[PDB]
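Chains D, E, A, F and J supply the protein sequences, listed in that same order. In terms of the entry's author numbering, the first sequence opens at residue 52 and continues consecutively. Per the entry's author numbering, the second sequence runs over residues 8 to 275, 280 to 304. Per the entry's author numbering, the third sequence runs over residues 52 to 275, 280 to 304. In terms of the entry's author numbering, the fourth sequence opens at residue 1 and continues consecutively. In terms of the entry's author numbering, the fifth sequence opens at residue 1 and continues consecutively. Let me begin by presenting the structure, written as structure tokens, before commenting on it.
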Amino acid sequence: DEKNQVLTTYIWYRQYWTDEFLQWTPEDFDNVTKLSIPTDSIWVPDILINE
Amino acid sequence: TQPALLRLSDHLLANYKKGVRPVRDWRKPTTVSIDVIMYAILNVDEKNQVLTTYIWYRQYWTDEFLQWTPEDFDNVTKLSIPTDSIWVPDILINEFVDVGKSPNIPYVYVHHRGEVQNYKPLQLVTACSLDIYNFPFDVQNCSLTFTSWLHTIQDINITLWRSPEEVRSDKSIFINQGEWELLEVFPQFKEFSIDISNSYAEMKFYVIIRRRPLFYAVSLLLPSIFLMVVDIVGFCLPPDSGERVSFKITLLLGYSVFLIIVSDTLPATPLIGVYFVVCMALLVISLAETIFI
Amino acid sequence: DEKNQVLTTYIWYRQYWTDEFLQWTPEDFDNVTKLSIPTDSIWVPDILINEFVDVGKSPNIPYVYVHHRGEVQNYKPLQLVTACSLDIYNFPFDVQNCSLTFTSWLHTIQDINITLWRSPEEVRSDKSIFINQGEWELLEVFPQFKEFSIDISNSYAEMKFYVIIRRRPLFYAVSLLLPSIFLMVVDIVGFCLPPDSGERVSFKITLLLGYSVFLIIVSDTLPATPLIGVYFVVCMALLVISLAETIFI
Amino acid sequence: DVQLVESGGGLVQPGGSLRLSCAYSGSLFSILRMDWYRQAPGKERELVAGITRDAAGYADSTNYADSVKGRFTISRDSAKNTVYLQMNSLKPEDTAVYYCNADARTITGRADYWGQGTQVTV
Amino acid sequence: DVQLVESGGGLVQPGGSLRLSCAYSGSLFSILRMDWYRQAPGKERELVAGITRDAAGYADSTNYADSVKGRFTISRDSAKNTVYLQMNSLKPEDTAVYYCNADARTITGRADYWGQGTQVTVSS
Ligand SMILES: *[C@@H]1O[C@H](CO)[C@@H](O[C@@H]2O[C@H](CO)[C@@H](O[C@@H]3O[C@H](CO)[C@@H](O)[C@H](O)[C@@H]3O)[C@H](O)[C@H]2NC(C)=O)[C@H](O)[C@H]1NC(C)=O
Ligand SMILES: *[C@@H]1O[C@H](CO)[C@@H](O[C@@H]2O[C@H](CO)[C@@H](O[C@@H]3O[C@H](CO)[C@@H](O)[C@H](O)[C@@H]3O)[C@H](O)[C@H]2NC(C)=O)[C@H](O)[C@H]1NC(C)=O
Ligand SMILES: *[C@@H]1O[C@H](CO)[C@@H](O[C@@H]2O[C@H](CO)[C@@H](O)[C@H](O)[C@H]2NC(C)=O)[C@H](O)[C@H]1NC(C)=O
Ligand SMILES: *[C@@H]1O[C@H](CO)[C@@H](O[C@@H]2O[C@H](CO)[C@@H](O)[C@H](O)[C@H]2NC(C)=O)[C@H](O)[C@H]1NC(C)=O
Ligand SMILES: *[C@@H]1O[C@H](CO)[C@@H](O[C@@H]2O[C@H](CO)[C@@H](O)[C@H](O)[C@H]2NC(C)=O)[C@H](O)[C@H]1NC(C)=O
Ligand SMILES: *[C@@H]1O[C@H](CO)[C@@H](O[C@@H]2O[C@H](CO)[C@@H](O)[C@H](O)[C@H]2NC(C)=O)[C@H](O)[C@H]1NC(C)=O
Ligand SMILES: *[C@@H]1O[C@H](CO)[C@@H](O)[C@H](O)[C@H]1NC(C)=O
Ligand SMILES: [Cl-]
């Protein structure tokens, strides 16, 4: 929008961080490596865009 | 006891954690058979290159935790339970450029062998690269890539609930008499990986739609031939009158404002503009003829 | 929306069913008959409309009335954005027939079944709490029950509502016929100009131009053949042969 | 996946009537088409009657063989989960073992299923 | 971060076949490229085979050395988390210690990783 000076785009976004509480050993858990858990069940960073 | 199916609903959902993927063996992937029915093409945006459609969508998967035996439950086969009370796959579409407002279905059918039946309509605002080369008679080919946005193929895998030919030929419950005519919806499975050790499941749906060259017929060819025959009437005017020149000029002006008005219909070269600028040049050489004689 | 073929309406909707768990005896409860309880605290049927192509913004009703025999009374207004195949053949005087198919989107007929709270004639003739003085005139809302199945062993209950609406041919009257007859009588005045003057030719040309830009402007009112265009292109051709007459003489 | 059970077969004198029942059962399934077949000893499998919902998704559509055209009438009850075959004025040529073939779609996929069949001797 | 383990190495007579396996493991990682290397006694490290997904994000793309061009076939199994090297019609020159090099991206960053390697001896 040249008049109002505003750009509308679509982005594919990726977030990677370390949850020190969600750490475990693969053994005695039947050698599981990763686990899928609900987003809103864990701590999430508040990173946003200023523009 | 005898509260009937109320027992069942408890028995299954008592300790059922909807966060963990429903498999007794975590190595076993959950296969989701999906189904897509094209209900209507709501709007095509040629300028922004984005297709908006309405789909009837079906999800079928197996919940290994929601399994039971029909007996000692008064021979119950299937049970209706709240969608958001059980684990649900995160299958979405890559072509999504927006979020369409679609009715939320609260219940699903879970059967005694653990089969989960999930029906839901979706409004799809998906980006599609359009080619308007042959404007009045153009066919369009749009992709709908269903895939889990996170889970790998060893966690969630997608198949087709019914035969791909059935999915293709399905024109039932679709609204015609519109600007577009649905030809086919061609499903195709693909395993997409951006690297080794991580592979994801893709289920593509090629929706192919053909335009109806009727609304754009009259609005295009009729005024051109009209001003054409009016110009033909204009030739009958004797060169001596002098009003013949003003005739050709005013007519040229009218066709000019006409082509400026019709310029706001479909953006692009549209190729049909050539078969139009021909008429433009024809009126030009007509005028040149008039001023010559 | 004639172009996209989609109807947007506002409905006052009533749902009545029986909750066998919410039954009690009026006595030893201080002779209470009915009780108001939160909608989202009890089981609710998933009845929707098949013609839905979108979601209309409608006020949320938080409470329902549950009576001692287990009758649940649920009132709620709905904004319905439903797709409807429209026929604009006779544009100024056209009747439209739109379907509203209420059915459970999941449950079979052996789980959830739909009936009519009151007589179908009452539903049909009900024109109360409806706003006239608009572009459309409501004729009737005809209810009809049907058992829809796509296969054996699975049958679903459908309750169709055919809303029939008739257009008001007044706003499209003046905006169409008045300028045509106006330019027509102006052309008639134009004939009175003597062929010798020469201004008669410019007269006919300018008038033809005015009617051309007129028909181009009025071309953006209702999309389609509209059939009313024929009774218009007649006038167009009439001005054309008028011009041909002028240049002839 | 889906199991079919035939019943009603027996011995009847010519010109009599008999109603056969075929009960389907399972977890998640969709019967698209249900056909009745009969097989006389030594003779091939013969198509008797079939039933499938019409183009319009309301009323059904039956399909009969030229042999049993007027005598036989196939029906169904979705509520009792049973498809019926009403055999009237039975001829000695109607004597055979009657199976029922259900073309059903499950989570596994679309497939044909057969019952154990019942003996009909005229 | 990501550990590689070679296996399958042994003693085989010339003209025989042998399949080498390389198992990667860790927490969060993405193997972009996996190469097979072999080192004969005294000789340098030699590239045998590699594999990486094509420009199109579906089918993979293999890369073989001129030596083992026709004999060897590199494959992979993402499910078993193991990349394979199928050695056919083994020559005595194929005798060496076979390591595996994985170019992987972890939370730490993109880096190269090596295994302990296995001994492959071809003799009569
Ligand atoms: C995730 O699901 C897909 C889709 O089912 C799986 O791909 C499928 O793999 C089977 C292998 O048994 C293919 O079956 C084969 O069918 C073809 C005829 O189409 C024929 O060559 C054989 O007779 C065989 O039965 C199946 O076709 C194929 N699906 C498609 C669409 O081609 C995939 O394997 C699944 N992933 C995992 C990790 O299980
Ligand atoms: C789901 O609800 C519908 C609507 O009530 C049920 O259809 C109705 O079935 C009853 C019982 O057969 C019909 O009553 C009958 O009416 C005829 C005259 O039409 C009369 O001669 C009979 O003696 C009997 O009273 C009723 O008409 C019919 N509704 C309509 C609109 O035709 C349907 O049976 C229900 N489904 C289930 C599984 O209960
Ligand atoms: C988990 O993985 C470990 C190692 O990958 C497995 O332990 C190996 O396999 C058997 C033990 O059953 C031994 O012969 C090996 O020597 C073990 N190797 C090591 C390095 O420990 C273990 O069995 C796996 N467990 C499960 C449940 O999958
Ligand atoms: C629309 O485009 C897709 C490609 O994006 C076409 O898909 C091809 O389909 C044929 C069979 O119909 C396959 O043999 C090809 O492998 C497919 N190509 C790809 C890249 O997957 C599709 O045919 C096109 N539709 C029309 C009507 O032309
Ligand atoms: C609840 O209603 C009953 C019935 O209307 C009331 O009982 C009646 O009123 C008094 C008893 O309080 C008697 O004189 C009548 O004969 C009773 N009639 C019957 C049919 O029992 C009762 O009082 C009401 N209770 C409350 C708390 O409102
Ligand atoms: C609007 O269309 C519906 C069908 O879409 C018409 O419904 C018919 O109603 C008559 C009786 O009024 C029945 O005999 C027919 O069987 C119905 N047709 C169908 C397909 O169910 C309805 O009459 C139409 N309304 C108007 C005013 O014409
Ligand atoms: C349940 O079904 C079985 C087998 O069809 C039957 O034997 C049993 O009597 C049935 N019980 C009830 C309560 O319907
Ligand atoms: Cl198991």
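Even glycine gets a Cβ: it sits at the ideal position worked out from N, Cα and C.
*Please check if any C-beta of chain E sits within less than 7 angstroms of the C-beta of J/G109.*
Translated into positions along the fifth sequence, residue 109 of chain J becomes position 109. No, its Cβ sits nowhere closer than 7 angstroms to a Cβ of chain E.
_Quick check: is the beta carbon of E/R31 nearer than 7 angstroms to any beta carbon in chain F?_
Along the second sequence, read from residue 1 onward, the residue named residue 31 of chain E stands at position 24. Closer than 7 angstroms: no.
*Sorry if obvious, but does the Cβ on E/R120 come closer than 6 angstroms to a heavy atom of ligand 8?*
By 1-based counting over the second sequence, the position of residue 120 of chain E is 113. E/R120: no, Cβ never under 6 angstroms from ligand 8.
_Is E/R14 near ligand 8 - that is, is its Cβ less than 6 angstroms away from at least one heavy atom of it?_
The count along the second sequence starts at 1 and reaches residue 14 of chain E at position 7. No - ligand 8 has no heavy atom lying nearer than 6 angstroms to the Cβ of E/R14.
*Which of the residues in the region 21 to 36 of chain J, read from start to end, lie with their CB under 9 angstroms from any CB of chain D?*
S25, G26, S27, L28
_At the 7 angstroms Cβ level, is E/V104 part of the contact set with chain D, yes or no?_
As a first step, residue 104 of chain E must be located in the second sequence, where it is residue number 97. Between E/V104 and chain D, the shortest Cβ-Cβ separation is below 7 angstroms.
*Reducing DSSP to helix, strand and coil, say where residue 123 of chain F ends up.*
Residue 123 of chain F lies beyond the residue range present for chain F, which begins at 1 and ends at 122; the question has no answer from this structure.
*Going by DSSP, name the residue or residues bridged to E/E191.*
Here the question's residue 191 of chain E lines up with position 184 in the second sequence. E/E191 pairs with E/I215.
*Residues from the region 192 to 209 of chain A in contact with chain E, defined by Cβ distance under 8 angstroms*: Answer set for the region 192 to 209 of chain A: empty.
*Presumed contact (8 angstroms Cβ cut-off) between E/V237 and E/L266, rounded CB distance*: What you label residue 237 of chain E is simply residue 230 of the second sequence in a count that begins at 1. What you label residue 266 of chain E is simply residue 259 of the second sequence in a count that begins at 1. Not quite, the Cβ-Cβ distance comes to about 15 angstroms (not below 8 angstroms), so this is no contact.
*Specify which residues have a beta carbon nearer than 5 angstroms to any heavy atom of ligand 4, listing them in chain order.*
E/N148, E/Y213, E/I215
*Anything in chain A within Cβ reach of F/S78, meaning under 9 angstroms, just list it in chain order.*
Walking along the fourth sequence from the start, residue 78 of chain F turns up at place 78. Correct list: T159, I160, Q161, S200, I203, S204, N205, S206.
*Quick one: residues in its chain with C-beta nearer than 8 angstroms to the C-beta of F/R76, no 5 flanking neighbours on either side, listed in chain order?*
Locating residue 76 of chain F in the fourth sequence gives position 76, where the first residue counts as 1. Taken in chain order, the residues that qualify are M34, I51, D60, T82, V83, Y84.
*Less than 7 angstroms separating the beta-carbons of A/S204 and F/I107?*
For the purposes of this step, residue 204 of chain A is taken as residue 153 along the third sequence, with counting starting at 1. For the purposes of this step, residue 107 of chain F is taken as residue 107 along the fourth sequence, with counting starting at 1. No, these two residues do not count as a Cβ contact at 7 angstroms.
*So E/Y286 is in the alpha helix (DSSP H); what residue range does that whole segment cover?*
Counting from one through the second sequence, the residue named residue 286 of chain E turns up at place 275. First-last of the alpha helix (DSSP H) with E/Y286: 285 to 303.
*Could you name the residues of the same chain whose beta carbon sits closer than 6 angstroms to that of A/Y61, not counting the 5 residues immediately before and after it, in chain order?*
Mapped onto the third sequence, residue 61 of chain A falls at position 10. So the qualifying residues of the chain are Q130.
*Hey, F/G109 and A/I201: beta-carbon distance below 7 angstroms or not?*
Walking along the fourth sequence from the start, residue 109 of chain F turns up at place 109. Walking along the third sequence from the start, residue 201 of chain A turns up at place 150. Cβ atoms of F/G109 and A/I201: not closer than 7 angstroms.
_Can you tell me which residues form a DSSP beta bridge with E/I41?_
Counting from 1 along the second sequence, the entry for residue 41 of chain E is found at position 34. According to DSSP, E/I41 bridges with E/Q66, E/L167.
*Buried or exposed: E/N111, going by 16 or more other Cβ atoms within 10 Å of its Cβ?*
Walking along the second sequence from the start, residue 111 of chain E turns up at place 104. Looking at its Cβ environment, which holds fewer than 16 other Cβ atoms inside 10 Å, E/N111 is exposed.
*Taking 7 angstroms as the CB-CB limit, is A/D97 close to chain E?*
As a first step, residue 97 of chain A must be located in the third sequence, where it is residue number 46. True, the Cβ-Cβ gap to chain E drops below 7 angstroms.
_Going by beta-carbon coordinates alone, are A/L151 and A/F103 separated by less than 7 angstroms?_
Reading the third sequence from its first residue, position 100 is the one you call residue 151 of chain A. Reading the third sequence from its first residue, position 52 is the one you call residue 103 of chain A. Result no, Cβ atoms of A/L151 and A/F103 do not sit closer than 7 angstroms.
*asked:* Nearer than 6 angstroms: is that true of the beta carbon of D/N82 relative to any heavy atom of ligand 3?
replied: Within the first sequence, the letter at position 31 stands for residue 82 of chain D. Checking every heavy atom of ligand 3 against the Cβ of D/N82, one is found closer than 6 angstroms.
*Cα-Cα separation, F/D112 to F/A49*: The sequence position of residue 112 of chain F within the fourth sequence is 112, counting from 1. The sequence position of residue 49 of chain F within the fourth sequence is 49, counting from 1. Taking the straight line joining both Cα atoms gives about 16 angstroms.
*Please classify F/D94: is it buried, with 16 or more other beta-carbons within 10 angstroms of its beta-carbon, or exposed?*
Counted from its first residue, the fourth sequence places residue 94 of chain F at position 94. Classification of F/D94: buried, given that the 10 Å Cβ count is 16 or more.
*Using Cβ-Cβ distances below 8 angstroms, what residues of the region 64 to 87 of chain E are close to chain F?*
Along the region 64 to 87 of chain E, going in chain order, the ones with a CB nearer than 8 angstroms to a CB of chain F are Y67, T69, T84, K85.
*Identify the contact partners of F/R105 in chain E, using a Cβ-Cβ distance below 7 angstroms as the criterion.*
Taking the first residue of the fourth sequence as 1, we reach residue 105 of chain F at position 105. Result: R169.
*Please name the residue, chosen from E/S40, E/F287, E/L58, that lies closest to E/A224 on a Cα-to-Cα basis.*
Numbered from its first residue, the second sequence carries residue 224 of chain E at position 217. When each option's Cα is compared against that of E/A224, the closest is E/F287.
_Is E/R31 close to ligand 8? I mean its beta-carbon at under 6 angstroms from any heavy atom of the ligand._
Residue mapping note: residue 31 of chain E aligns to position 24 of the second sequence, counting from 1. Correct: E/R31 has its Cβ closer than 6 angstroms to ligand 8.
*Excluding the 5 residues preceding and the 5 following E/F222 in the sequence, name in chain order all residues of the same chain whose CB lies nearer than 8 angstroms to its CB.*
As a first step, residue 222 of chain E must be located in the second sequence, where it is residue number 215. Around E/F222: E186.
*asked:* Can you check which of these residues, E/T38, E/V83, E/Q56, is closest to E/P10 by C-alpha distance?
replied: Counting from 1 along the second sequence, the entry for residue 10 of chain E is found at position 3. If we check each option's Cα against that of E/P10, E/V83 comes out closest.
*Could you name the residues that DSSP lists as bridge partners for J/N88?*
Numbered from its first residue, the fifth sequence carries residue 88 of chain J at position 88. J/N88 pairs with nothing; no bridge assigned.
*asked:* Based on DSSP bridge pairs, tell me the residues matched to E/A224.
replied: Along the second sequence, read from residue 1 onward, the residue named residue 224 of chain E stands at position 217. Note: E/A224 sits in no beta bridge, so no partner.
*Quick one: any contact between the region 63 to 70 of chain F and the region 281 to 295 of chain A, if contact means 3 or more CB pairs under 8 angstroms?*
no
_I'd like to confirm the pairing. Which residues does DSSP put opposite E/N148 in its beta bridges?_
Here residue 148 of chain E is taken as the residue at index 141 of the second sequence, counted from 1. According to DSSP, which records beta bridges pairwise, E/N148 is partnered with E/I215.
*What do you reckon, is the C-beta of E/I160 under 6 angstroms from a heavy atom of ligand 1?*
On the second sequence, position 153 is the one that residue 160 of chain E refers to. Under cutoff, so the answer is yes.
*If you run the structure through DSSP and keep just helix, strand and coil, what is E/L258?*
For the purposes of this step, residue 258 of chain E is taken as the residue at position 251 of the second sequence. If DSSP states are grouped into helix, strand and coil, E/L258 belongs with the helices.
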